[PDB]
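Engineer: 3D model of this:
(one chain, ligands or ions: 1)
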Amino acid sequence: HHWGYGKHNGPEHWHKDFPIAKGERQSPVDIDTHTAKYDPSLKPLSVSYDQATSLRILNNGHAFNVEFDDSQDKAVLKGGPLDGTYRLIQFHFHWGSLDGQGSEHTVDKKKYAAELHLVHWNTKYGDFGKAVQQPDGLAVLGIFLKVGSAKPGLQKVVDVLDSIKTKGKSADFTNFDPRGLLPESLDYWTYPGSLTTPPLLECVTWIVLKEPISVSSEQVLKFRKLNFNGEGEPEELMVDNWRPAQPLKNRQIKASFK
Ligand SMILES: [Zn+2]
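Structural biologist: Numbering: from 1, shown residues only. I have put the structure below:
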């Protein structure tokens with residue numbers, strides 16, 4: 001009855017309801033590291049999450065969102081390719097059924113186990129809904145996950161997942177520090193793209209970090225116990241909730257590093 005990540009409603013079908021799926025600046029893409037251009041004029045990336053106020057975690061039937069208070073400039077992304085100030089509104093992940101798949105962006109065709117998206121909106125547009133209608137409305141910070149050592153800063157998220165197993169379930173999720181999800185280095189690639197889920201709006205500056213974070217097999221296994229379905233419905237494990245790479249078309253990926 002609507003969009004998802006199965007054979008019958010997955011990414012290959014989305015263009016019928018959302019023709020922009022075949023548009024000029026769709027995401028994700030493959031990042032060909034030997035085609036990206038170092039840009040020495042890119043300003044340093046500024047992640048300012050000290051005053052972040054998390055509120056709630058929600059299973060929306062596609063992923064889970066950790067939501068933040070974005071009523072003021074409490075957690076912001078600036079610098080790099082960005083003009084102005086972008087406010088953190090939520091983060092979520094995309095992940096696979098197996099460790100060898102799950103990311104949306106790929107790097108020289110390599111798929112990672114998962115990908116974290118920290119979603120920010122351009123404050124010059126006043127609200128998120130207006131921002132998504134602008135070509136520079138959003139900035140999404142993308143971070144790859146590989147399976148190795150546990151990420152301590154992820155554990156609070158993992159442990160609450162039992163309480164939001166099914167579509168529509170939410171739980172209080174205050175006092176979470178998203179700085180615990182970042183890698184050491186802020187080296188990145190950047191390109192103009194889109195939301196990777198319907199409505200696939202072409203409003204995103206993508207900033208994808210080069211350094212993955214490591215999470216444990218046990219942590220990702222717990223992501224994979226979530227459900228796409230609602231309570232009291234036949235179980236559909238929430239896995240493989242990623243859109244594959246889309247054609248780059250008339251775009252350039254810039255690198256912050258050589
Ligand atoms: Zn996403």
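Engineer: now the end-to-end length of stretch 224-232.
Structural biologist: When the termini of stretch 224-232 are compared using C-alpha to C-alpha, to the nearest Å, they are 18 Å apart.
Engineer: Could you pull out the buried residues of it?
Structural biologist: Of the residues in stretch 224-232, those scored as buried under the neighbour-count criterion (16 or more other C-beta atoms under 10 Å) are 224, 226-229. In this view, the C-beta of every residue, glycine as well, is placed from N, C-alpha and C.
Engineer: out of those residues, who's nearest residue 106?
Structural biologist: The shortest gap between residue 106 and any of those belongs to residue 224, at 20.2 Å (C-beta to C-beta).
Engineer: could you list every residue that touches the closest one?
Structural biologist: Contact analysis of residue 224 by C-beta atoms under 8 Å, 6 or more residues apart in numbering lists 95, 97, 237-239.
Engineer: Just give me the closest of the buried residues of stretch 224-232 to residue 24.
Structural biologist: When these are compared against residue 24 (criterion: C-beta to C-beta), the nearest one is residue 228, at 30.2 Å.
Engineer: Let me know the distance separating the closest one from residue 81.
Structural biologist: Distance check for residue 228 against residue 81: by C-beta to C-beta, to the nearest Å, it reads 34 Å.
Engineer: hang on, the earlier thing: out of the buried residues of stretch 224-232, list just those in helices.
Structural biologist: When these are checked against helices (DSSP state H), there are no matches.
Engineer: Which of the residues you listed lies at the shortest distance from residue 246?
Structural biologist: Minimum distance to residue 246 across the buried residues of stretch 224-232 is 22.5 Å, recorded for residue 228 (C-beta to C-beta).
Engineer: Export the buried residues of stretch 224-232 as TSV, with columns for distance to residue 54.
Structural biologist: Supplementary listing: those in TSV, determined by distance: C-beta to C-beta, whole Å:
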residue	distance to residue 54
224	23
226	19
227	23
228	24
229	26
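Engineer: Assign residue 21 to helix, strand or coil.
Structural biologist: helix (DSSP: H, G, I helix; E, B strand; the rest coil).
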